[PDB]
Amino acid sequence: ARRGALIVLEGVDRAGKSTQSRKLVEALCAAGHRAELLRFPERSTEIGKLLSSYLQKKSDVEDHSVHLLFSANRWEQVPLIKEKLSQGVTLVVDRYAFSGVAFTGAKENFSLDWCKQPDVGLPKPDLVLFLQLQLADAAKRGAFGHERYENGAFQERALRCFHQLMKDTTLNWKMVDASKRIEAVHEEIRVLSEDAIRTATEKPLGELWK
């Protein structure tokens, strides 16, 4: 039975990860694929609620602790991720380990290596789309939110970490010009995703960063 593809959406702030993720799943399903949407953090579990309270500033969490919770929040979904992929279901994921590393990695005294370790071993995405957008363009999309990390300076330190992670040639990274309209960005992502489901899947699901 042909496994599903694991597709991740990553990208700068307001670049359209959530919009594009919901649109990709809808369009794959409409074209007869079996596809479902996931996102991280997944706030409905016990850990997810801790992470949600942190991001909304309702609680403060030690930085190493919070990093590990974010990763744990991925590991708790691995049994489901692996089962859905083995059943032929393509999974479109709004943020994954890349955000985990880039966001803690933007903080002082957090090496990229330390930030990567908790996630080593996770299911490896068959495709990692990185939605790029210029600052001037992200502004036309509205004001920063009120949640933690939604600050220009901090966003720019996360972006440098993302660019380090993209030097990683074990991953099938694809850049997406997220400045275009919602529809045009969607068509670019869609075609890339059809291609990943079609080919990328003839190899077994890999393991991230190992």
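Numbering starts at 1 and follows the sequence shown.
For the pair 186-194 and 9-17, the record assigns the higher mean C-alpha temperature factor to 9-17. The PDB entry records a higher mean C-alpha B factor for 104-112 than for its counterpart among 85-93 and 104-112. Reading the B-factor column for the CA atoms of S65, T169, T45, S179 in the entry, the top value corresponds to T169. Reading the B-factor column for the CA atoms of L129, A139, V78, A72 in the entry, the top value corresponds to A139.
Among the modelled residues of its chain, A200 has a C-alpha B-factor that falls in the highest third, as given in the PDB entry. Residue-level temperature factors show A143 in the highest third of its chain, judged at the C-alpha atom. Among the modelled residues of the chain, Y54 sits in the lowest third by CA temperature factor in this PDB entry. In this PDB entry, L122 carries a Cα temperature factor that places it within the lowest third of its chain's modelled residues.
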